[PDB]
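Understanding the architecture of this molecule
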Amino acid sequence: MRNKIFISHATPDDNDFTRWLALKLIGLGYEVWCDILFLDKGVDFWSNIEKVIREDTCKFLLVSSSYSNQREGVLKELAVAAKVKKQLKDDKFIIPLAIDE
Amino acid sequence: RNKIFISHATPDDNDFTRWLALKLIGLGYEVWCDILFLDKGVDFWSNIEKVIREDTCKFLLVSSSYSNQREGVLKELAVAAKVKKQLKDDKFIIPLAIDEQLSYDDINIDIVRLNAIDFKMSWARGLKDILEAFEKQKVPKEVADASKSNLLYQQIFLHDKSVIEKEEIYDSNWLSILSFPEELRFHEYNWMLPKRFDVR
Amino acid sequence: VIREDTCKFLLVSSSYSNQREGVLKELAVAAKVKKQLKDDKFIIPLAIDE
Amino acid sequence: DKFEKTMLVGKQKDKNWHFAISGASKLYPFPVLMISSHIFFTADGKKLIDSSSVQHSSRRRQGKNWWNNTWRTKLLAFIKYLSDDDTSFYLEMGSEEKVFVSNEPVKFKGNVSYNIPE
Amino acid sequence: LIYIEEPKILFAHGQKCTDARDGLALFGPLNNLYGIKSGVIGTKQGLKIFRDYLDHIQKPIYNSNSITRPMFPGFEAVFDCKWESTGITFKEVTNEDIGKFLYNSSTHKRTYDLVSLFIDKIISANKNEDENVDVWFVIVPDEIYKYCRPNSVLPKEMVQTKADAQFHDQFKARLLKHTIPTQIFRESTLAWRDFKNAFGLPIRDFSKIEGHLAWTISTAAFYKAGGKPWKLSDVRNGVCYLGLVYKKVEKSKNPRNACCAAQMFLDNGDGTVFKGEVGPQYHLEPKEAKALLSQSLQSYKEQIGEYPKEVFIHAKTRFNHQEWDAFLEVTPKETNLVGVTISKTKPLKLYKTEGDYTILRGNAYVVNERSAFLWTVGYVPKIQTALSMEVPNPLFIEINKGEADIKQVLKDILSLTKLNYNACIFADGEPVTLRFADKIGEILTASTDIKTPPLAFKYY
Amino acid sequence: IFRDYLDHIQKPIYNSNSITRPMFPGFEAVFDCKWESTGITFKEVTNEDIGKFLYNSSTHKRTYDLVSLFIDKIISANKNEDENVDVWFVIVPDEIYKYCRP
Amino acid sequence: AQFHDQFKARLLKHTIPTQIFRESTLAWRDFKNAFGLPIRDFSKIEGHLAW
DNA sequence: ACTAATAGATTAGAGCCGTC
RNA sequence: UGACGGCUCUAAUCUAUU
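If you check the PDB entry, chain E appears there as Piwi domain-containing protein from Maribacter polysiphoniae. The title assigned to this entry in its PDB record is "MapSPARTA tetramer bound with guide-target".

Named according to the PDB entry, chain D is TIR domain-containing protein originating from Maribacter polysiphoniae.

Given below as structure tokens:
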């Protein structure tokens, strides 16, 4: 069952917004997964992010920025999410968040 | 840097990898697989790093319903993602989708973006596209020689499948006659035994 | 020892704690018991070296 | 139905199989009593099935589980069942004439074999 | 029992392995051909049989045991040649015309006309149409073979129509005049998946054999296109093989009338055949005996340039003086000729006391310099399974006339155990010159109006 | 001559002018087929063998004899041989059709 | 008298497609006359002739 | 004359299965 | 006849004696 709203971001570049987002988001009730304060540390980052994206992810909220678009790790999330978006047949599965001014 | 590292499930993708590797060795490439060597053991781990970080130039990964979510393959794939990084070779991991039951939407994140080589519909065109991709990328290789694949076939896949000089004793269906009656006697019964007596 | 009570495996990820056979032997033993103990948070390679 | 811990006649579904031998004496290569291996089937253990095609079909499906050992112990036990006293078996040609024939099939030696890779 | 070593069969780029299935699956055929044009006929339904499963053949068909059943990667991968749904000259054979043709109560005319119904369609197609068909492909339905066959039997459930005898040999023989190879399929050789003939189980075939079932189907449909998949290497030069089997020609009158179709295998890798003579007992009279050698042995004069030094004529029948003496002065001079009779005469079976598997194939039991046995059937070290499930019997190989080293002879018959271009097996239990002369003996006797030169296998 | 010509039309050859006598990029680049020095079925009919039939002067008989030398090989290869040929190239020299012409 | 007809008419029993060729049409380059100018000037046609 | 032979020891057809 | 086995079932014949 996909109820975790997985939000994609790059490095600690955003992380100070994403918990600020989360502390309002998981503060209001959205099940939010992040690769900084919700990533299982001591385990695979690569396998875990795919496992949530492929199965556990309900919404894909990528953050856009000059540092969150060209990174291969971030680009890895979008392609598998898009393939999952193809499986879900929902274009709005990926919702870019224009955080950086 | 010459090894073509193949990641796959150990007992399941053997049929394809035995085909693919021995085709790759047949075409002249050098391939590491867990079924192309004997006397293994300590060779697993602590030498795979050396053969990948210093000898593996291409990572032809087998994608299938068995190689998906496997501890060995994922761990070797995670290495391939790292080993791609220090060298300036983005085209170092090359996926190979083989299983029909594995949909193209169930491909793992390490190779989702990577342009896979199709084998499901036909293995021949996938093998050819493997050849053209290596030629376009100037992948190091020697002259094509399938005897190396045959050698890898007879030494590994025909190791305990040959004859051995061993003395054996076979039983048969013949019972030798030991001795015979001393004399064969023709009894001269001139009109003494009946003509139609049926001596049987 | 490893099968009994090894718990976690917080490894010193030093610049020289990887080529040693002993640390790998613990790691290799850790690898086998990791599947035996069906765990995934088993190894925590603390990256200490600068 | 056993001779030296060797089952010679047994069961198969509804058909009881019997091991049988056909003997043809030959003077070539050397004087021998050549034996053949056959399986014949009886409905109740006493009357053979009067159907060559069925008997052929049953024999084809009865040797399905029979390997080399199952053949040889059945053959040797049946042949050793014909042994006369200890190591031979006489064929009587007269009141005093006999033709002793060995109960143990001729052994042969081979120096090349496989490793039995299970 | 001295053991005779397993022989070798060549493959692509002059390489040398030991398994027909394994070598092709990894190496490929010797000659390089580009594509195969598949002239295909049959009923409308049968088109949906061949067309889709033809696409399966170049897909990887798996084997449960790659040791016993070797790998099959595809069709372009293994044969280096392309097969696709082009050239399909589907001469739609309506079931209504077959319906008025199949249920005839005659024995031969039912097959004579039904074969003719298939024959006149393929003949015009290679005469007038615009396909370069190499392997003609006649898909024959099931009910026709069940009814129309040797000693044809037809039940009385739906009796509506009223009035050699074999469908296959009559089909092949007629095309010797038209010179077209053809592949003929029956029952669920292709449609075994969904046939469920008797009950739900596919009684015809299984998925285990399917790995090499498509090997036999493909290799039978591959050799006829001018290719040379595998050729022998251990057979020496200057050696002629004349594998001949006397074939009864008639079934009603003159039981002693017979003809022999003597195959003639060459040293240059040519699986050639030859036409023998009709010899009326069970022997080739000097009138016919002289013609056979003077014709079959003559091919060495132009195929190579000189007469073979050794002439290994094979047979399942012993000779007498009249046939052999004729074979001397007719043509062979200063060249050795040896008559070897290969037959399963007396059952000499060997049983392994220690261990459970049967005797390994390759065992030769001497009886004399001119007589021994050959265990060409039995356990195989490579595939780790006996070729014969049952306890095998050897080939009683004795030199009837002439003098030769039988050990040299024995490995030579074993050499001709892998030229079996009708199935994909590790080894055939008979020499090719003797195994393949039975079918051609059956082809050349189907009709009595054929003038056949030393035609190759592919038409038969 | 074929060993010159057969693979000559695989590569592009330019005439004096392509407007009036156009060039062609080659057999593979134009006709989309493989046609090269492979599958060659060289069946040498030696000139002495040809001469032993050409030396006959009776054109009513020689001209039939010359063809009989060619067909017997072709049908033999068609039936009693293994090699497969799609289109046969009988390269009769100019001398053969110089004398056997009306 | 021209063998063109008999050669192709005799293969109707065999139905093998034979492309009758000639040395002049296929060996334009090495064929040379006495005066040094070959009669068949197939050089320029070596386009649409090879077609 | 060979008419019948009852065995030797070859000799194809040929259906039937088993699954390499 | 995708086939290779294995045996099984018939028949005929050459070779000598009622």
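1. Considering the interface of chain G and chain F
Every contact between the two is made by 30 residues of chain G and, on the other side, 38 residues of chain F. Here chain G meets chain F over a buried area of about 3,200 Å², counting both sides, of which 66% is carbon and sulfur. Counting across the chain G and chain F interface gives zero salt bridges. Scanning the region where chain G abuts chain F turns up twelve residue pairs in polar contact. Elements that contribute at least two residues to the side of chain G that touches chain F include exactly α1 (3-9), β1 (18-22) and α2 (23-26) of chain G. No other element matches β1(G), which puts five residues into the side of chain G that touches chain F. Its residues assigned to classes, the side of chain G that touches chain F shows 14 nonpolar, nine polar and seven charged. Note: strand β1 (residues 88-92) of chain F against β1(G), five bridges, orientation parallel. For F:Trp88, the partnering residue across the bridge sits in β1(G) and is G:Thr18.

2. Comments concerning the side chain of E:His212
All names here are of chain E. Relative to the helices and strands, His-212 resides in helix α8 (residues 207-223). Accessibility expressed as a relative area gives 9% for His-212, which makes it buried. A distance of 2.9 Å separates a polar atom in the side chain of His-212 from a polar atom in the side chain of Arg-69. Leaving out residues up to four positions away in the same chain, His-212 has contacts with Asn-63, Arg-69 and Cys-424.

3. Notes on the pairing of strand β4 (residues 93-97) of chain B
Residue and element names in this part refer to chain B. Burial analysis of β4 places five of its five residues in the buried class, which makes it a mostly covered element. Burial along β4 is two-sided: the face carrying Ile-93, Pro-95 and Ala-97 and the face carrying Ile-94 and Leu-96 are both buried. Pairing of strand β3 (residues 56-63) with β4 involves five bridges; the strand directions are parallel. Within β4, the position partnered with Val-62 by the bridge is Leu-96. Examined bridge by bridge, β4 and strand β5 (residues 117-118) share two bridges and lie parallel to one another.

4. Remarks on the protein's contact with DNA strand H
In the vicinity of DNA strand H lie 26 residues, with D:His56, E:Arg69, E:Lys247, E:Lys248 and E:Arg318 positioned nearest. Taking the atoms of DNA strand H that fall within 4 Å of the protein, sugar and phosphate contribute 82% of them. With respect to DNA strand H, the side chain of D:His56 contributes an N or O atom lying 2.3 Å from a base oxygen. The contact in question runs from a sugar or linking oxygen of DNA strand H to an N or O atom on the side chain of E:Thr317, over 2.7 Å. Considering every element that reaches the surface near DNA strand H, the biggest residue donor is helix α1 (residues 52-62) of chain D, with four residues. Looking at the surface near DNA strand H, its residues break down into nine nonpolar, seven polar and ten charged.

5. Observations concerning the sheet that holds strand β4 (residues 40-42) of chain E
Strands belonging to one sheet form pairs held by backbone hydrogen bonds; the direction of such a pair is parallel or antiparallel. Residue and element names in this part refer to chain E. An order of β5-β4-β6-β7 is seen for the four strands of this open sheet, with the pairing classed as parallel. Each end of this open sheet is capped by a strand with a single partner; those strands are β5 (91-92) and β7 (182-185). Strand direction decides the pairing type here: β4 and strand β6 (residues 136-139), joined by two bridges, are parallel. When the bridges of β6 are listed, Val-40 appears paired with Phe-137. Contacts between helix α2 (residues 44-57) and the sheet are confined to β4, β5 and β6, with β6 contributing the most and set at about 125 degrees to the helix. Lying over the sheet, helix α7 (residues 167-178) contacts β6 and β7, oriented at roughly 165 degrees with respect to β7.

6. Considerations on the interface of chain B and chain D
Every contact between the two is made by 23 residues of chain B and, on the other side, 35 residues of chain D. Summed over both sides, the interface of chain B with chain D buries roughly 2,800 Å², with 57% coming from carbon and sulfur. Three residues, B:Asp171, B:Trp174 and B:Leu175, lead the burial of chain B against chain D; their summed loss comes to 27% of the area buried on that side. The interface formed by chain B and chain D holds two salt bridges in total. With a shortest N-O distance of 3.8 Å, B:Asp171 and D:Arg72 are connected by a salt bridge. Run the count over chain B and chain D and you get 15 residue pairs in polar contact. Put simply, the parts of the chain that give the side of chain B that touches chain D at least two residues each are β6 (164-171) and β7 (174-176) of chain B. Sorting elements by how many residues they give to the side of chain B that touches chain D places β6(B) first, with eight residues. Residues of the side of chain B that touches chain D, tallied by class, amount to ten nonpolar, five polar and eight charged.

7. Some points on the pattern of salt bridges
The full count for this structure, using the stated rule, is 38 salt bridges over all chains. With a closest N to O distance of 2.7 Å, A:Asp91 and A:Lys85 form a salt bridge. With relative accessibility at 53%, the residue A:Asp91 sits in the exposed group. For E:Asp205, the salt bridge identified is with E:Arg204, shortest N-O distance 3.3 Å.

8. Structural notes on the packing of aromatic side chains
Here a ring pair, both rings aromatic, is described through the centre-centre distance and the interplanar angle of the planes. Applying the stated criterion across every chain, the model contains 64 aromatic pairs over all chains. Judged by centre distance (5.2 Å) and plane angle (65 degrees), the ring pair of D:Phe108 and E:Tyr365 falls under edge-to-face. You can see D:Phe108 sitting in strand β6 (residues 108-113) and its partner E:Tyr365 sitting in the loop between β15 (363-364) and β16 (366-368), one on each of two chains. E:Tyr365 carries the same exposure label as D:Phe108, and that label is buried. Following the ring pairs from residue to residue traces out a cluster consisting of E:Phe50, E:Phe72, E:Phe75, E:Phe79, E:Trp83, E:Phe137, E:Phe185, E:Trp215 and E:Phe222. Between D:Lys74 and the ring centre of D:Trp66, over which it is positioned, the NZ or CZ distance is 5.3 Å. Above the plane of the ring of F:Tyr97 lies F:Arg101, whose end atom (NZ or CZ) is 4.2 Å from the centre.

9. Quick notes on the sheet that holds strand β1 (residues 4-6) of chain A
All names here are of chain A. In space, the three strands of this open sheet follow the order β2-β1-β3, with parallel pairing throughout. Both outer strands of the open sheet, β2 (32-33) and β3 (57-60), are each paired with one neighbouring strand and no more. Pairing of β1 with β3 involves three bridges; the strand directions are parallel. Its bridge partner lying in β3, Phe-6 is registered against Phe-60.

10. Here's the deal with a negative patch on the surface
Judged by side-chain charge, B:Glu100, B:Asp118, B:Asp129, B:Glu132 and B:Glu135 come together as a negatively charged surface patch. Of all the elements, helix α4 (residues 123-136) of chain B adds the most residues to the negative patch, at three residues.

Procedures and definitions
- Residues numbered from 1 in each chain as written, not as in the entry; some residues may be left out.
- Chains lettered and ligands numbered in written order.
- Part of a larger assembly, values for the part shown.
- Heavy atoms only, no water.
- Contact = heavy atoms within 4.5 Å.
- Buried area = accessible area lost by both parts, 1.4 Å probe.
- Salt bridge = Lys/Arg side-chain N within 4 Å of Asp/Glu carboxyl O.
- Polar contact = N/O pair within 3.5 Å; in protein donor to acceptor, adjacent residues only side chain to side chain.
- Helix = DSSP H or I, 4+ residues; strand = E, 2+ residues; numbered from the N terminus.
- Nonpolar A, V, L, I, M, F, W, Y, C, P; charged D, E, K, R; others polar.
- Pairing = 2+ DSSP bridges.
- Buried < 20%, exposed > 50% of the residue type's maximum accessible area, 1.4 Å probe, protein only.
- Near = heavy atom within 4 Å.
- Axes fitted to C-alpha atoms, helices over the stretch in contact; angles between N-to-C directions.
- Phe/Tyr/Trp six-rings, centres within 6.5 Å; stacked < 30°, edge-to-face > 60°.
- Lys NZ or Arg CZ within 6 Å of the ring centre and 35° of its normal.
- Patch = residues over 30% accessible without salt bridge, like charges linked within 9 Å, V, L, I, M, F, W, Y side chains within 5 Å.
- Areas by Shrake-Rupley, 256 points an atom, 1.4 Å probe, with all protein chains shown as cover.
- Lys, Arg positive; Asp, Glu negative; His and termini not counted.
- Charge placed at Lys NZ, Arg CZ, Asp CG, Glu CD.

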